[PDB]
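The structure appears right after this line, and notes come after that.
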Ligand SMILES: Nc1ncnc2c1ncn2[C@@H]1O[C@H](COP(=O)(O)OP(=O)(O)OP(=O)(O)O)[C@@H](O)[C@H]1O
Ligand SMILES: Nc1ncnc2c1ncn2[C@@H]1O[C@H](COP(=O)(O)OP(=O)(O)OP(=O)(O)O)[C@@H](O)[C@H]1O
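Protein chains in written order, with full-length UniProt numbering: chain D, 24 to 137, 146 to 505, 509 to 872; chain Y, 24 to 137, 146 to 505, 509 to 872.
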């Protein structure tokens, strides 16, 4: 190739300038339509330049793949390269014209250039009676030390309303000499906060205005000492510095002073109190009651509007702020037509209107985010509203979208995990599913937060939901990525879509396993529509590997399903592929990975729903260690010395098959596991129910997986004496036995698991269990489920200090022993939780 | 050459404009991403232009080296010159476009466009009880005159916390009538400071607000006279003018008033008090205790977090500010995963987050630096974290990097020594090693300061640490220089690096002498990767002189190791070379310097680990005096009349070999030392243990090295009577005798060393020593080591006025005499220190 490399480089520099401008404009608040048009044009120009460069790189790589004879004799390559160079030159001319003509594209040194409601009467507050009672009981408990009870929750959940309800409660007056309210806020000055606190004790604050912060703290402490027990309410705390400053205004008189603070941050609340108070969500009934109180005040709802109102209140997610905004939409419109209109799209009516109260309140928390976490938050709105987002899937989508910039000491997966946990801690992501590690398993976006992400991503052109009003298309040409539900897929494809600029295609099955009437021609049309697609995350389909699919060389993420007997060699030409998630309905016991994954240097995660029969690297493929981090459902046959050596950086590994033929001496494929350097999770599964002999844990197993933190055994059918071998694992932290992993009437462990935190037993047909303290010194969780034959969980566990959680699911008489242990620990007054189902 | 010289000159002028802009932008705070992109582009353009000019200059020099026939017949030179001219023209066009298109590159006349914590209860302070007691004992000592006790230390070390602890101490209340606290600060007005001081004595400061500074000083003096003994605490003093102003507010009533000031500057503290109080660093235990107090307040650390917390606290360097910042990172996160994440990289978690408290506090001291000292400070971050930086090496790296601009009266080495000492005096560099001269031998960067330098250098593109996350490379293309540890060298080279823009390559062996598995091909790859490298500081290797190494004509600094029997002539073509540090493992006794160093006009320092057998300059090489400043390990054979004449400006000289054949009459190579005009240091070493005869100091020796300040004799085996000849040296300031330098049972010196300051004896097998006062009139240090046979250090030295330091290392009974002298001087109450090991 000639000068086109220099043209590419110059275009990249200019596009870097344009992207810097776009990042800057994302900060600038704009009310000008011409500014909006210019930013749209620059975004489109950046996208076009990126697509052109990517096409050029792909063509150069494909040419270099071809042999020298084919390289010379391919005139079609010459025509394509000339066309791509012409396109690059045109885009570069456009970018230069953009920068030259517009004075807004001039760089500037430092120049980006950027009250509560009426007052609720105690009957205007809905559903907070029990919550207020709980917080009041916590506040009025006698204790010598200062105690902070933080009320924490998502924006507009009612933290300030509950704090005001408690602050006005008569009960507090009997217990506390002084009950003061202080508003801190995000932007606050501690001198002002202390002066406001001082007003509650002296009316001569015009005398103390000249004092310093510490002097004012001492003055307030003396006043409180003169008074007695005091409760100071801090509103809207966004830093720990406030908590630390306020600790200094309370005298050490052992009276039991209190602070009730409200915050959106769970980490700040956990600093304030190891047990922060999570404000509840209103029930649908309470939501409807609040809606009726907001719309009709004290008058009852008209009968004809009750059904619509109940529908509307249930669509607000139980967050009072949403109900208040929707009420503002329904105020003074007792007509059924207006209520039907609002019911049709309630989340839209949040963030619209001047009373868009959701927008500014959500933006309070949003602006507090770092840029990477900000962008990662928006891509949570790529899932359907109400979708139970898998944490692993969203993490891998963030990484595949380039949202996570690599850091020196952390893997991209670790950074993404931290970002997701930070979003949950800031109460911007709802988490209802916990892994045994204590990490997020599935998360969710609240309807109001989801609508915020959906609008913000559309404003920033990150992605866009394909929504059709009977016919028509809504500008799909104004979106880098497209999300479409399976119901709307057929209609969209019937238009014969052709969007080169679209880079990610999302089809999420919220109604799981509702594969609609999509034909192979529709899948081929999907392939045709997006040739530059980087992320293809569509698992509700019967995907087929057409010849057009083999040309999606830009892919970084694929989540597909169908009837695949093997991964074709064509997958090996996706040199950008990072995540490969497969779900094959084929009856074949294992999936043949024909693709030479080892030469896919970018590949990090491979997920298959049946065991994968990998191929050992050839002598040519030898080189550096592979980037692979996850290898799920790998057949024991494929765990060879070379396979494991190339993937020595593997972190999660799952094996399923004939384990017996894997734990033997000449079966040292198990011994090949030593090649791994950072193996954290290991799943060992057995498929056969009839066993020639009961397998055995090799004596080498202790140091074969010494780095493993999570170990899962399934259908292994091991003698309970074989569990003693797992105690020699130094890093074993979470341990799972499921589906008759260990066989035997009783388990009498002797070895102690030095670091085990979570013990997990499922469907264990054992009868008795005589563990002791030495066996699990640092146990923290004990999850037994489907243990219909277990007799009694040993009392010896009751003496374990760190143990504070234990769940018995579908458990026999052993439940009674769990009650006995709970009773003993309650007698000792140790924080403990015991869950029983049903 | 044709017009290309004019093109070079015009490109140089435009690059001067761009560099001026870069210097300006370094001052401008910027939040615009487009601004960052533009600055990056201009930096890359400046680097590219510099590289092009350098390539052109070296090519012109190489052509001029060739003979006229070769010059005319070298078509390859014509092609290379045409390519270089085309590159220069392209870079000039790019620079012109940069200046024309961007309105931020317009020159403007003058237009660059630029609270404490809560409060600690004395139980929240860790490890300062003894320090506070020491400072209080110093304060409450009875003395007639005003006494200032400065608490000095590095940023965030806790000077203000200890000052507050002392200010709150009850003990001070008994001793002092008034104990006031004044905050001065970097930006301060003396009128405001005096008015604040006045408030402590009168509540009518609204009456005195109109007085002048001297009038207010007199008023405060009268108030203090009325009161009694007073202690005024000055916080954050950055100038001596504050000290002088505050001296005027204390009446001369002989009561013993005190001032306790805190500062980061050791020179300011030494002005305030000849014995300033150096605040301690927290021990790892105290650091963990402080971390637990900051994270969990008064509750104990959870057991599962104690190991992670202890690891984290030990990575904070004993500076409380670092522990406070890391606590802010760990607050409200009692999960082992968060603590593991923070432990993985603790120094990163300083300077990140809004509570980046390290950043602003370090910037306070950094901005106080001059630009040259600022840049020299950052290049201390090229060394590994925790590396013991050699002073000579960092000085020579600063000079080789162009950081020191020559001054009229000072050599570059003197300016660099001053800069390093200034960085130590500002408490920005940690010094723990002192030369006998009292200068810094090795220094260190605190982990928090090191991270500041690392980040700041990366932000300014000065250098960059090559760090790989398993695979990958982090933008190496966005750095002028690259530092890589030997562990990461092999992985980096396997990528086949080719970085023309990289100008310095650093490989520092913090784990000393851990030469890993690097092959000759790796060394050749190092040579290939950086052809424009100016600085090559890599001594943990077996370097080999390949043909590619011979083409690094830009080299200004080389520090290499291997098996070299001689320096090839190819080193003579490094016309830019200043420092040549060699460590050759060859068994051959000396190093043959084949390269014609005398024509290497820029050469300043030559260091070899074995004696160097230089070659006398030829009649052609005659000319000006050589720039050589250091000639270490030069064989006595090479010290000839012409060799010594060409290097008359030499300052350090080291000789090792057969001294007897060097001190003789016909051996007047010793007499050739007269040719030196500024010889400061002389080392004379002996290699032979069997001597035909005991050598003799020539009677001419007194005026042979008359300019020498430091003299080192090793293995010479001289009669103790020969030490009397060294007393005639006018400038002899430091004298070292090591490894049986002088042989004899006893030493009875008669001559007196008029200017000797430091007397250093190592492994002297003499028995008795009967020195007297006249012998060492101005002695200041007497350091004896391995004197297992010395009987008693004479009491006569106890009467020496200037002597205040004496160290006996592995010393026999003579230790008892040292104790006697210490006792006598303590009786006289003279400041003295006596160190004994073990
Ligand atoms: N239980 C409730 N009953 C009635 N209105 C409520 C309730 N909880 C909240 N609100 C409404 O919320 C608004 C008051 O702020 P709110 O108490 O919701 O904020 P918060 O939870 O402290 O959140 P943030 O301060 O982060 O915005 C008013 O519209 C109030 O009517
Ligand atoms: N011994 C200590 N125990 C507890 N906290 C400490 C201790 N020393 C310092 N700190 C805390 O560390 C942080 C920095 O310390 P401090 O402000 O006293 O430092 P300083 O030496 O005066 O520095 P600067 O030059 O910035 O004024 C503050 O939060 C201080 O409270």
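Just so you know, even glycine gets a beta-carbon here, dropped at the ideal spot from N, CA and C.
Hey, does residue i have any beta-carbon neighbour from chain D nearer than 8 Å?
| i | result |
| --- | --- |
| residue 612(Y) | no |
| residue 452(Y) | no |
| residue 166(Y) | no |
| residue 184(Y) | no |
Please list, in chain order, the chain D residues whose beta carbon lies closer than 7 Å to that of residue i.
| i | result |
| --- | --- |
| residue 56(Y) | 43, 46 and 47 |
| residue 518(Y) | The contacting residues do not exist; residue 518(Y) stays about 13 Å from chain D at best. |
| residue 126(Y) | 129 |
Need the endpoints of the beta strand (DSSP E) that residue i sits in, please.
| i | result |
| --- | --- |
| residue 626(D) | 625 to 627 |
| residue 843(D) | 839 to 843 |
| residue 266(D) | 261 to 266 |
| residue 591(D) | 591 to 596 |
| residue 181(Y) | 178 to 183 |
Any C-beta of chain Y sitting closer than 8 Å to the C-beta of residue i?
| i | result |
| --- | --- |
| residue 398(D) | no |
| residue 261(D) | no |
| residue 181(D) | no |
| residue 630(D) | no |
| residue 510(D) | no |
| residue 659(D) | yes |
| residue 60(D) | no |
| residue 441(D) | yes |
Looking at the secondary structure, which residues open and close the alpha helix (DSSP H) in which residue i lies?
| i | result |
| --- | --- |
| residue 153(Y) | No alpha helix (DSSP H) contains residue 153(Y), which DSSP labels as neither H nor E. |
| residue 554(Y) | 554 to 563 |
| residue 139(Y) | Because chain Y is numbered 137 and then 146 with no intervening positions, residue 139(Y) cannot be located in this model. |
For ligand 2, is there a heavy atom less than 7 Å away from the beta-carbon of residue i?
| i | result |
| --- | --- |
| residue 652(D) | no |
| residue 554(Y) | no |
| residue 390(Y) | no |
| residue 186(Y) | yes |
Just to check, is the beta-carbon of residue i closer than 7 Å to a non-hydrogen atom of ligand 1?
| i | result |
| --- | --- |
| residue 192(D) | yes |
| residue 295(D) | yes |
| residue 351(D) | yes |
| residue 154(D) | no |
| residue 267(D) | yes |
Kindly list, in the order they appear in chain Y, the residues whose Cβ is closer than 7 Å to that of residue i.
| i | result |
| --- | --- |
| residue 437(D) | 500, 503 and 505 |
| residue 39(D) | 60 |
Name the chain D residues that come within less than 8 Å of residue i, Cβ to Cβ?
| i | result |
| --- | --- |
| residue 359(Y) | 271 |
Cβ closer than 8 Å: which chain Y residues qualify as neighbours of residue i?
| i | result |
| --- | --- |
| residue 275(D) | 148 and 149 |
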